[PDB]
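Below is one structure, written out as structure tokens; the observations come after it.
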Amino acid sequence: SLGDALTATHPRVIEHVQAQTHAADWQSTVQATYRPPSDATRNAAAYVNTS
Amino acid sequence: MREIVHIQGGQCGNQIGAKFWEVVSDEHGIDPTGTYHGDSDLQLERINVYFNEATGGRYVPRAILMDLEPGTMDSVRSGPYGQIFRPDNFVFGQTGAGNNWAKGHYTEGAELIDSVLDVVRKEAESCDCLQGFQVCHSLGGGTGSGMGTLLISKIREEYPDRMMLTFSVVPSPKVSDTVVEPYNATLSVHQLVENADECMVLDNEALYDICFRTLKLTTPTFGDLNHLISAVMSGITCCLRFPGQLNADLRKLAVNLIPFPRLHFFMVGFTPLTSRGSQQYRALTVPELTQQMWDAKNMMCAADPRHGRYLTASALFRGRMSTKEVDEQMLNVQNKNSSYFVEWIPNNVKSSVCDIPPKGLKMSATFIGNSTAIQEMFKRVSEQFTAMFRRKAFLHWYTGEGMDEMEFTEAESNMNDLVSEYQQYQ
Amino acid sequence: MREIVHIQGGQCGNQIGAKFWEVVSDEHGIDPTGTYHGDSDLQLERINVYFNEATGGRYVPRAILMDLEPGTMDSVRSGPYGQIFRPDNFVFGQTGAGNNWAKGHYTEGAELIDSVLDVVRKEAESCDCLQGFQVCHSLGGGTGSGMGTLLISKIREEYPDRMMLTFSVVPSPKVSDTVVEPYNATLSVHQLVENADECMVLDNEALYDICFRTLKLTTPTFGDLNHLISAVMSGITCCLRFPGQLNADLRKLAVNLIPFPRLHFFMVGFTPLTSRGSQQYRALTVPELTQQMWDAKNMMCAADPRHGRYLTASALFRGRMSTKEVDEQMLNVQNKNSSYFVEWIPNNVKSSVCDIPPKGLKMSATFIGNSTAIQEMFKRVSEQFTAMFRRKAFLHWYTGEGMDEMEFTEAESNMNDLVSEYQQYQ
Amino acid sequence: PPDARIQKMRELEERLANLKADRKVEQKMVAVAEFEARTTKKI
Amino acid sequence: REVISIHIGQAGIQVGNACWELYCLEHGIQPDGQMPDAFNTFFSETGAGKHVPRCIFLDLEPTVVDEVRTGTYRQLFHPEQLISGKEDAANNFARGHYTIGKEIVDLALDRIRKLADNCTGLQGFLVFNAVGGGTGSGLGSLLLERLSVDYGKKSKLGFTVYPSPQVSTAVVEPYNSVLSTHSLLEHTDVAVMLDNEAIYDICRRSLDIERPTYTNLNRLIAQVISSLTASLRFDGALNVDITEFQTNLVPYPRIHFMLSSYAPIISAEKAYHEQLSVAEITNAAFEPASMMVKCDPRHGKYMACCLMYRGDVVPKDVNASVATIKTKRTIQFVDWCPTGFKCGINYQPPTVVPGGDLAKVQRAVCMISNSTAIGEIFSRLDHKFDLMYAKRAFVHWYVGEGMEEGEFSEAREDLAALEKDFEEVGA
Amino acid sequence: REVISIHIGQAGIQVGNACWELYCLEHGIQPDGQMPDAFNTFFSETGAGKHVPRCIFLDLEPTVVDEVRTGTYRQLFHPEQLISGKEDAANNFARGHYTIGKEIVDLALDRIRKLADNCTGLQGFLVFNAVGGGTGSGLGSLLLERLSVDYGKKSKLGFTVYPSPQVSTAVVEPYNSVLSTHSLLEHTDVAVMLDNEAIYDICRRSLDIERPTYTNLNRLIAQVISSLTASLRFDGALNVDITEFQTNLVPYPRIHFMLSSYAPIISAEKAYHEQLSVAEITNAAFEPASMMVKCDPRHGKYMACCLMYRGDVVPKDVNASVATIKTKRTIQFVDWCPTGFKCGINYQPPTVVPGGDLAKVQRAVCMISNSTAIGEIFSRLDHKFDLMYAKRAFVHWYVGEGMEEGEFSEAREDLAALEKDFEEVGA
Amino acid sequence: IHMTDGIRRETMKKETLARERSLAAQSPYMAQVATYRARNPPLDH
Ligand SMILES: Nc1nc2c(ncn2[C@@H]2O[C@H](COP(=O)(O)OP(=O)(O)OP(=O)(O)O)[C@@H](O)[C@H]2O)c(=O)[nH]1
Ligand SMILES: Nc1nc2c(ncn2[C@@H]2O[C@H](COP(=O)(O)OP(=O)(O)OP(=O)(O)O)[C@@H](O)[C@H]2O)c(=O)[nH]1
Ligand SMILES: Nc1nc2c(ncn2[C@@H]2O[C@H](COP(=O)(O)OP(=O)(O)O)[C@@H](O)[C@H]2O)c(=O)[nH]1
Ligand SMILES: Nc1nc2c(ncn2[C@@H]2O[C@H](COP(=O)(O)OP(=O)(O)O)[C@@H](O)[C@H]2O)c(=O)[nH]1
Ligand SMILES: [Mg+2]
Ligand SMILES: [Mg+2]
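Residue numbers (full-length UniProt numbering), protein chains in the order written: chain A, 58 to 108; chain B, 1 to 426; chain C, 1 to 426; chain D, 7 to 49; chain E, 2 to 37, 47 to 437; chain F, 2 to 37, 47 to 437; chain G, 8 to 52.
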């Protein structure tokens, strides 16, 4: 005999399966704004070095 | 670095604290066996605030367990994340209080409060830069309210500089669980107003109808309610644990919410909250979180903010966003319903931002409101106290332990003075 | 090189020595059959201090076992590691003293000490440089107190310059076995205060308290208490057996703890000591050792140091460690509670470091404190002695053997002057 | 005697001022010496 | 010639993080400290191929400081140059000015002393901070007054962040701002105003970024500071130094508060559209919509102005532009100062950052002037300070921390005296 | 050129016990009284190798007098100056002024006559009292009135210790204070205020002792008095005698109440942390954090200021510091006074005592001024005195002693007149 | 003293029982966490 204290309670209260950001995707704003200028490849349009 | 010492008292406090520790452990990516199994390195740099590394990645929570009846400790240990709490932190009596503030505050606390003081001291000097104390307990009960409040007094006496933050559940008109709610509640708040730094009032009926409307659950047992309380509890301290654009610790929010020493009774809510069948409607946008944050139905106290005036407010934002939109929405909500805000203070709302949303979300916001409409709950308590004290019902169980009626007079007069001040500043 | 010869007296002494020799043999890697099977070469260079090469890697302990009843020898031989003791070292009487100081000190000692003296002189002269003698016995029984005391005096008369340790257990009123314990205890102490070089007092009630509160054991048999005593005794002579960053021999400990030759009664503690349930949840650092070493509830004597003054103090440390942290912790404990240390002796703590910890451990510590609170138990025994001697109870068994009233009177006279000087220096 | 301590600090201050002036002169010499070489490299 | 800069507070060290990224990028210094003579004013050369900035980051909260320590620029910054306290001051002037500031300023000035000793041609100091908080305002004012005591004769350029009129983030920032001005009056040499609402509007209007954050604001502040330091950094047709701002833009010792503007504020796609030239970029730097402080210069009266020019700039064009401005009557100069313009030209055009939204422009103008609308800003702040001090709100925090109510009134009266001075001068 | 001292009450004679110890260690005289020209102003040479202070200890209880008799300073004082009463005034102004004072004042007077006769160039007197007590209020007033009758034209240094507003040990001390101010207002020429909580703050903040007893307060008061008298005992580059004080610090015959201050006030470990100059001690002598009396001088306007400097100071730096203080806008002087300052330098630096809490400092500053905040102090005391008087509390023992309502009404009216004078002179 | 030993015995027994129940109940919680973690796919940069 056992009660109902053992519940996941995460999917019942707080969850947004479509809008979740995976824990590997976590990053601070400064981390995402100050990239190595030599090999910055996270921007679609940028000034390419043209010799 | 800045250290938070968690304290748990009574059945309600023990269960909500177990839920809080489950949520925090999940957020920092440690499995119920005590070892780290996350992926992002952002978690490990700020785990000292809530955990201590013993051996081989065994991170032990910095919590204290306190009660008098074996059932609650048994429930805490039997469930998952039960074998991570330190066995020595289960300081624990055996007789029980049973809905009596005097029993838990003068007799049982007499021979139990010394061991808990030894444990909390040993665990407090264990850390270098202590930030403050965070406690969660009950008020209508005997063990949590009385013994917990006396411990609050003791640790305020010994540590007069470190901050003190409380989550307390309060009596309710329709859902009235026990019979001696007014006697315990009045003395609990009487001590809290003079000793606690800031209090966030909780009640079960607000959680009940939050599960009714927003989540549309059918049978919301204590687990969901404690999970919501834990979500807010973690959202309060998210600044110390993660980098952000504008951090705000407990002192930053307390100086921006407390204009007078006795003006430290807040009310709380959480965003976003939607049903499982409505997961695709809402886009995680600042206006959508803001509109739910300011709604009276999202508040976690039986006090309508529309029946009073906001004095100060605090907003704790998480996740990557833009400050301009948050500030614009804050100004917009301040300007439109300007009749609901105080006049002799500009910029009543304080904001803060962090870049790490809680797990399972995209971005969240936590609201702390120092509204003057919380006096309605106190007047509700006082009228029942005066009516029941009128013919001294159930009094002999209190004066038979050492107490006098003068303590009841002091509690009633002090809380009446507090409601008078709240009405004055409206 | 420097040589330690072991002497055991009575049933308590025999069991303590059996456990001590088992622990030491485990440390040096010899099997219960007596042949070396260790791994490192550090376990060969300094094993002459305890063993003697026989043949083919067989090492025999440097011990002499004393008693008056066949049961102790039979149990020693029957148990494990009982086939390593040399049978000639089993010096042995036949009739038994039986809880009577006079029998073991005047009658039974007369015909037995000759064989004990013969064997101890034969072994002691075999080694080149005897560091000193080591004696573990009891003050409650007859053959341990009286015969052991007579042997102590005889050795002091024979080899005066050599060192001498006395691990003597003193019975307590709360845990009391024998009716006539004060009669043996007072006279044994009266002889020890001039005969023994330095004394470290053990007590069974303190060991029971330690094994109840700290180790959290439910059935603390004599095995656990003997294990604790054996660990303490092994910890003392660790520097002689292994290299360290700061070595300290027995004389080096004695010179830093005895400012006056009649004050050689130490109170002893050991650390770390944790229950098996709480073994995972503890980090293993120098502060964790220092905070438990100075705890009053960890001491293996029946005397609270908080009621007295730490006149001098000592600490033995084992493991690969930082001297800076050891010194900082010692200075912190010195400067925090300045009221517990005497004023005319600054820097009362002597420290030593060994880099080889006990098997199964990474760090350990030992405490030897010459406090003026050791005179609490002396009064606690002398009050019973005066209360019973004032009516000449059980006296006819002592008088009718050679002893008269003068020995008793001088016994409480020396007891009183010792306790008076200990109180004076407080 | 009433101004002996004052005379001591007067001597102290004048000596320190002379030393600082000498150090400034040395700094000027170092500056011009480096200037000549860098300009030659540029040429 | 060299200048050493100090960054105080969460705003100060973030704008410093943007600014030093710009400094490293413009001189072609890769983020690990070495090149792949003009750099000497910012980067000290050590050993063989290694440059260390002449700056310090200090704060009482270690979170953002050590996050910068573990950012892209790890080896670039000296480990001891990033000071970090152990606990926050939490929006309190008293906490950062008397309690925690007392034991941190000694280390900061001990490091600054050796940083300046390593220097040989120091021009002056250059401070970035925010007065709306506690860590910034309190210990920044304390450090400022201590440096004024130690050096004094060396200039100190001030770039502060006051709270905006409508948009705000805190509640008790009027106290911190007032007590910050109470010391900035006598200790700061030249103060350059920086708001937040104005730059938000600039970003939304010119760069059409619908959701701007603090990063764009800091990038624009870095643009401004680089444009005003390029005269010292690089050779131009007409070079100016630090002393020019004090000599030509500070007419009275108690009147030093500056307005900033920048042009051309344009995106990457509209550089294709418009034909850039000196006349229109000079004209655009005068409308209130291109000013980095939320104020209207029409209600005020200019005293003196400074103009930095970068890129392909011929002096005849700037002379024509300033002549046309002078003949314009929409803006009004004071008869007090008949000649209220100061110019300066540097040859190198402003640099661009990868990921930034500012395009590569041929020429740019940074306009820094003095006006009387700053008294209006201070009066507007004083209005809500007096409206809030009437109720003795939040005073107990400051009183308990170690302060009293007296200096609140004294700083209020000092601000009133400032108001009277600006009213008198504007006549 | 000499001056003699008298002591009345517990506080006065304890302060004197500190002062004479300090003086003896200043002049190298052992407690026996033998030295193994400057001392002539306080000590008269007796016999062969003996010195006796120009002092008299007077009190009604015999206790503190007899521990003075039995202490280490037995042979220092001539025994028959040590005058002891029999029963105390019991904190009762009427009792000490009419019951016990009538029979002890005669002995004090015919002792002062011979003490002055032994002197030749007596400049004046210096008294020590606290107007909070009973015996220091009543019989002290009677005695000083008798000296005013006897001498009239001679100066009298009135060193009074007024009770603090919040911190208080008695309950009827407002009445004693008012009744003392009735006579001290028009009898003595110079009066100095000494508050108790201000010294508590002084020893708490700078002297960093959290458990201060009366001994340290007495030590620092003795240091202040020694600094004031150093211009008398020793020759300086710019000396001032007692006489110049009356004509330089008292603008009106009824306004004679001068505050006290001292600098630098540093403990044993602070002296190593910083090195001293003249500018910062001049500035620190004017901040209210080092003032000896509960007041807010920033609310009021100064009348005049006296500055005594000891140690190693030259007139150039003091003149420059005075100019800088005058140019400061934090403190304002009254319109009719163009110069409210008075400087002074002595060559001999202040001393330190083994066992004391002060450090060996090269130079020190003693500040004595005059402002209108003392009027606020008087009004604060008078309000709380009238608060009790509305119900005739504690008055009837004064009545039964022999007094009536008349002097109480006259004292309240005289204090109101003093309030009106203070508010009218400040315009 | 008998009360104290009985308390010790019951505490030890209930510690063992609680440990056994926790180890029994851990696995379904891990299964549930796996099920609701499978919903979130990590992104590819
Ligand atoms: N423009 C701009 N302003 C900023 C930035 N960061 C912080 N601020 C301003 O700083 C004000 C509050 O001070 P904070 O920077 O949060 O911190 P602080 O000044 O050091 O004071 P404390 O919070 O008590 O430590 C806010 O109102 C912002 O306007 C930034 O990156 N850019
Ligand atoms: N500075 C200082 N003030 C003191 C000292 N002792 C007493 N006082 C002050 O004196 C006031 C009361 O007078 P007391 O000195 O105690 O005694 P008294 O002046 O002889 O008057 P009575 O006690 O009535 O005989 C108190 O309010 C104190 O503030 C002291 O040692 N140092
Ligand atoms: N929200 C919430 N409330 C709880 C929980 N457990 C108990 N409570 C509340 O706590 C009250 C009883 O308090 P009690 O346990 O008797 O306090 P104690 O006697 O001091 O230990 C009831 O009214 C419950 O509503 C919980 O897990 N969640
Ligand atoms: N610590 C410890 N104490 C013991 C042991 N064996 C006996 N004792 C104590 O010794 C006392 C009796 O000593 P006893 O056997 O008469 O010694 P003997 O007669 O001289 O051989 C009892 O009170 C026991 O508590 C042991 O193995 N360890
Ligand atoms: Mg900050
Ligand atoms: Mg007195």
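C-beta: ideal position from N, C-alpha, C; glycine also.
Could you give the C-beta distance for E125/B and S172/B, rounded to a whole number, given that I count them as a contact under 8 Å?
-> The sequence position of residue 125/B within the second sequence is 125, counting from 1. The sequence position of residue 172/B within the second sequence is 172, counting from 1. Not really, about 40 Å apart at Cβ, beyond 8 Å.
Contact test: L230/E Cβ vs ligand 1 heavy atom, cutoff 7 Å | For this step, residue 230/E is matched to residue 220 along the fifth sequence. Result no, Cβ not under 7 Å from ligand 1.
Just curious, the beta strand (DSSP E) that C129/B is in, first and last residue?
-> Within the second sequence, residue 129/B is the residue found at index 129, counting from 1. 129 to 138 is the extent of the beta strand (DSSP E) around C129/B.
Per DSSP, what kind of secondary structure is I114/F in: helix, strand or coil?
-> Mapped onto the sixth sequence, residue 114/F falls at position 104. Three-state DSSP puts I114/F in a helix.
Which class does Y408/E belong to by DSSP, given the choice of helix, strand or coil?
-> For the purposes of this step, residue 408/E is taken as the residue at position 398 of the fifth sequence. Of the three classes helix, strand and coil, the one that applies to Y408/E here is helix, per DSSP.
Bridge-paired residues (DSSP) for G321/E | Counted from its first residue, the fifth sequence places residue 321/E at position 311. DSSP lists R373/E as partners of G321/E.
At least three beta-carbon pairs within less than 8 Å, the stretch 382 to 392 of chain E to the stretch 303 to 321 of chain E = yes
With 8 Å set as the bound, which would you pick, yes or no: does the beta-carbon of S151/E sit closer than that to a beta-carbon of chain B?
-> The residue given as residue 151/E occupies position 141 in the fifth sequence. Answer no: the Cβ-Cβ gap between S151/E and chain B never drops below 8 Å.
Output, in chain order, the set of chain E residues within a Cβ distance shorter than 8 Å of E325/B.
-> The sequence position of residue 325/B within the second sequence is 325, counting from 1. Listed by position along chain E, the residues whose Cβ is nearer than 8 Å to that of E325/B are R221.
Identity of the residue in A314/E, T340/E, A369/E nearest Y282/E by Cα = By 1-based counting over the fifth sequence, the position of residue 282/E is 272. When only C-alpha atoms are compared, the closest one is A369/E.
Can you give, in chain order, each stretch of the beta strand (DSSP E) that sits fully within the stretch 182 to 233 of chain B and has at least 3 residues?
-> 198 to 202
Can a CB atom of chain A be found closer than 8 Å to the CB of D39/B?
-> For the purposes of this step, residue 39/B is taken as residue 39 along the second sequence, with counting starting at 1. It does; some Cβ of chain A falls within 8 Å.
What are the complete alpha helix (DSSP H) segments, minimum 4 residues, inside the stretch 49 to 82 of chain C?
-> 70 to 78
Between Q245/B and ligand 5, is the CB less than 7 Å from at least one heavy atom?
-> Residue numbering aside, residue 245/B sits at position 245 when the second sequence is read from its first letter. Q245/B: no, Cβ never under 7 Å from ligand 5.
Environment of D209/C [buried if 16+ CB atoms lie within 10 Å] | Residue numbering aside, residue 209/C sits at position 209 when the third sequence is read from its first letter. It is buried - the Cβ of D209/C has at least 16 other Cβ atoms within 10 Å.
If you measure from the beta carbon of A65/A to each beta carbon in chain G, is any gap under 8 Å?
-> In the first sequence, counting from the first residue as 1, residue 65/A sits at position 8. It does; some Cβ of chain G falls within 8 Å.
Cβ of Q245/B less than 8 Å from any chain E Cβ?
-> Counting from one through the second sequence, the residue named residue 245/B turns up at place 245. Taking Cβ atoms only, chain E reaches closer than 8 Å to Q245/B, which makes this a yes.
Quick one: does the C-beta of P173/E sit closer than 7 Å to a heavy atom of ligand 1?
-> On the fifth sequence, position 163 is the one that residue 173/E refers to. For ligand 1, at least one heavy atom lies less than 7 Å from the Cβ of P173/E.
Pull up the CB-CB distance for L154/E and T198/E, whole angstroms please, since I reckon it's below 8 Å.
-> By one-based count along the fifth sequence, residue 154/E stands at place 144. By one-based count along the fifth sequence, residue 198/E stands at place 188. Yes, they are in contact, since the Cβ atoms of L154/E and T198/E sit about 7 Å apart, within 8 Å.
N298/B, DSSP secondary structure in three states | For this step, residue 298/B is matched to residue 298 along the second sequence. In the structure shown, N298/B sits in a helix (DSSP, three-state: H, G or I).
Applying a beta-carbon distance threshold of less than 7 Å, which residues of chain A neighbour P357/B?
-> The sequence position of residue 357/B within the second sequence is 357, counting from 1. Chain A residues near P357/B: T78.
Between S278/C and chain B, is there a C-beta pair that is closer than 8 Å?
-> Here residue 278/C refers to the residue found at position 278 of the third sequence. Yes, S278/C lies at the interface with chain B (some Cβ there is under 8 Å from its Cβ).
Please work out which residues of its chain come closer than 7 Å, Cβ to Cβ, to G269/B, disregarding the five sequence neighbours upstream and downstream, and give them in chain order.
-> Position 269 of the second sequence, counted from the start, is the residue given in the question as residue 269/B. Hits under 7 Å: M293, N298, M299, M300, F367.
Taking three-plus beta-carbon pairs below 8 Å as touching, is the stretch 225 to 240 of chain E in contact with the stretch 357 to 364 of chain E?
-> yes
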